[PDB]
Structure formats: structure tokens, C-alpha cells
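Here the first sequence is numbered in our numbering, starting from 90 and rising by one per residue.
All remarks here apply to the structure that follows.
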Amino acid sequence: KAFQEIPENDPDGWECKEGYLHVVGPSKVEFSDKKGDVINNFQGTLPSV
RNA sequence: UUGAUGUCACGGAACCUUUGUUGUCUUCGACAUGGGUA
């Protein structure tokens, strides 16, 4: 894992190293015409895009 | 820019010869997506 800010529950064992961020976006997306089983188990209402 | 007693230049068809031709079924099913977990 990598965190710029130290997590509250794990404040020990973190090493600061230089590097770059490979930023692309929410690319892992599955789209379907019909409601999937995972979507059918969603609690509440589906937010807009 | 002529020369003189002598100019058929209306004396001479830019004329003659070469195929835009050749080759192609308006046809049709498997994915797309990048991690996540530890």
C-alpha cells in the first residue's frame, strides 16, 4: 500500500520514498443493459453518473 | 523602322498515329474492461 497521509489506525512502519503516480482513472468498469446481480443487491437508489 | 523599274507568302491545314482500361460479392458474432486479494 501507499499513503501520502499516515493512516490513523496504522501510525507505525511507514517509509517515505520518492516516486511518481500512475494516474488513469476509474477505468475498470463493466456496463450492462440488464440489472446485474451485484446491482440487484445494492442498498438504496443508484446515483446518477 | 523600309527604299523603289521586279515580293504569287491568301505559295504552306500543326498535320499524322494511341480504348481511362484493369482487379474487388454492400458483406458480417464474440466479447469489451483492469485489476483486486493477501
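Note that CB positions come from ideal geometry on N, CA and C, so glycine has one too.
- Membership of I128 in the alpha helix (DSSP H) is indicated by the continuous run 126–129.
- Between the alpha carbons of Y109 and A91 lies a gap of roughly 12 Å.
- Ranked by Cα distance from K106, the options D126, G125, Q93 are led by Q93.
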